[PDB]
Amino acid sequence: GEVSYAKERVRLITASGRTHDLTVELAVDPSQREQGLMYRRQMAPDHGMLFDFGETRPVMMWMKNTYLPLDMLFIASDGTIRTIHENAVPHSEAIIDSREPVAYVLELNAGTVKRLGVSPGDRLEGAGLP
């Protein structure tokens, strides 16, 4: 049938203590993680996709077939945001490497990191996290 994703409420917590909720689709399967947000033409400002690699290891992301400009947050197993790549470029096959082992990647609309005042070292929290 139609591809489905588990959804969940997560929150970004910043160093200032500010909290902001998001609704994310969980990309768990290999096909879900590879398809990512390909072909989607819209996505609400507080919605994103949380890629759950099921292990801690470096990861590689790209923008192949992706129309929405995105911010990418590379996240440790304890929810710490290690690095952030803002304004990934639609359609680009340039690899964006995590540069170090991580457990998750959060993709949000481009500009979301700025809108929410998020920085590396801030945290994502939710059901499995930390």
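Residue numbers run from 1 along the displayed sequence.
Here 34 to 42 and 95 to 103 are compared by their mean Cα B-factor, and 95 to 103 comes out higher.
Higher mean CA B-factor, judged across 24 to 32 and 82 to 90 from the recorded values: 82 to 90. Annotation for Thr14: C-alpha temperature factor in the middle third relative to the rest of the modelled chain, per the entry.
Residue-level temperature factors show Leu108 in the lowest third of its chain, judged at the C-alpha atom. Split the chain's modelled residues into thirds by C-alpha temperature factor. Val3 is in the lowest one.
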